[PDB]
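Student: Let me give you the structure first, and then I'll get to my questions.
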Amino acid sequence: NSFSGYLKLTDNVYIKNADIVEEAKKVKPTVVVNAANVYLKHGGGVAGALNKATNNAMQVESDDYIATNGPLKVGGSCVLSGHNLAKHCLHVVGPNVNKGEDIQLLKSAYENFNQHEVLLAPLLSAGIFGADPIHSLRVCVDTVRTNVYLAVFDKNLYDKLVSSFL
Numbered sequence: 004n005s006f007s008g009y010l011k012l013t014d015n016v017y018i019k020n021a022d023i024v025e026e027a028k029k030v031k032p033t034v035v036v037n038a039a040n041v042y043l044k045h046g047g048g049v050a051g052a053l054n055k056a057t058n059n060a061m062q063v064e065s066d067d068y069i070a071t072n073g074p075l076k077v078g079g080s081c082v083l084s085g086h087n088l089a090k091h092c093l094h095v096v097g098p099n100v101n102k103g104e105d106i107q108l109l110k111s112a113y114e115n116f117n118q119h120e121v122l123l124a125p126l127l128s129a130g131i132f133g134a135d136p137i138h139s140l141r142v143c144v145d146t147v148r149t150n151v152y153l154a155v156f157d158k159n160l161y162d163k164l165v166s167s168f169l
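Position 142 (the sequence shown) corresponds to 145 in the deposited numbering; numbering is contiguous.
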């Protein structure tokens, strides 16, 4: 958990302008969070990037999880191997607000983070699921009570988040 160059936003929430895949490789955190869908199909965005960095081992493992357990619920999670990225990957499903899932489920999604003392994570629902990222950060801050290190790759967004949260 050798996190470097983060800016503390609140007593437990930290942020860096960085690629989560590169952070995971440098730090090999205990837990990296994936922003997943309910069937754990890692076809793009952060999920696609994390899976690619595992050379598809994450996807094969995820398919086996679904074979045993069925799909996750929106706002739910499961813990699988982190392979070369982390000890564990916490796959968390935020709401797909652009397909009508309730934004209030973003609180339930972030509540999964509280099962782990320290996490490297992206913002949830802030890619193609369509939630405003600043809103997603505000829910993170209000909900997570463990120590979360957020990697935000887009500097334009990072600068807006730091401006809004100090």
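Ideal Cβ positions, reconstructed from N, Cα and C, are used throughout, including at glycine.
(1) Does the Cβ of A39 lie closer than 7 Å to at least one heavy atom of the ligand COA?
(2) Mind checking whether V155 and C143 have CB atoms under 8 Å apart?
(3) Do you know offhand how far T146's Cα is from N15's?
(4) Report the rounded CA-to-CA distance for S84 versus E104, giving the unit in angstroms.
(5) So, are the CB atoms of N59 and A50 less than 8 Å apart?
(6) Considering only DSSP beta bridges, list what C92 is partnered with.
(7) Alpha carbon to alpha carbon, how far is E120 from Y42? Give it in angstroms, no decimals.
(8) Quick one: what does DSSP say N159 is sitting in, helix, strand or coil?
Tutor: Well, looking at it:
(1) You won't find the ligand COA in this model; it holds no ligand whatsoever.
(2) For this step, residue 155 is matched to residue 152 along the sequence shown. For this step, residue 143 is matched to residue 140 along the sequence shown. No, Cβ-Cβ distance for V155 and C143 is not below 8 Å.
(3) Translated into positions along the sequence shown, residue 146 becomes position 143. Translated into positions along the sequence shown, residue 15 becomes position 12. Taking the straight line from one Cα to the other gives about 11 Å.
(4) As a working note, residue 84 is residue 81 in the sequence shown. As a working note, residue 104 is residue 101 in the sequence shown. Rounded to the nearest angstrom, the two C-alpha atoms are 28 Å apart.
(5) Reading the sequence shown from its first residue, position 56 is the one you call residue 59. Reading the sequence shown from its first residue, position 47 is the one you call residue 50. No, the pair does not count as a contact, with Cβ atoms beyond the cut-off.
(6) Against the sequence shown, residue 92 aligns to sequence position 89. Per DSSP, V35, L83.
(7) Residue numbering aside, residue 42 sits at position 39 when the sequence shown is read from its first letter. Residue numbering aside, residue 120 sits at position 117 when the sequence shown is read from its first letter. Roughly 26 Å separates the two Cα atoms.
(8) Counting from one through the sequence shown, the residue named residue 159 turns up at place 156. Residue state, collapsed to three classes: helix.
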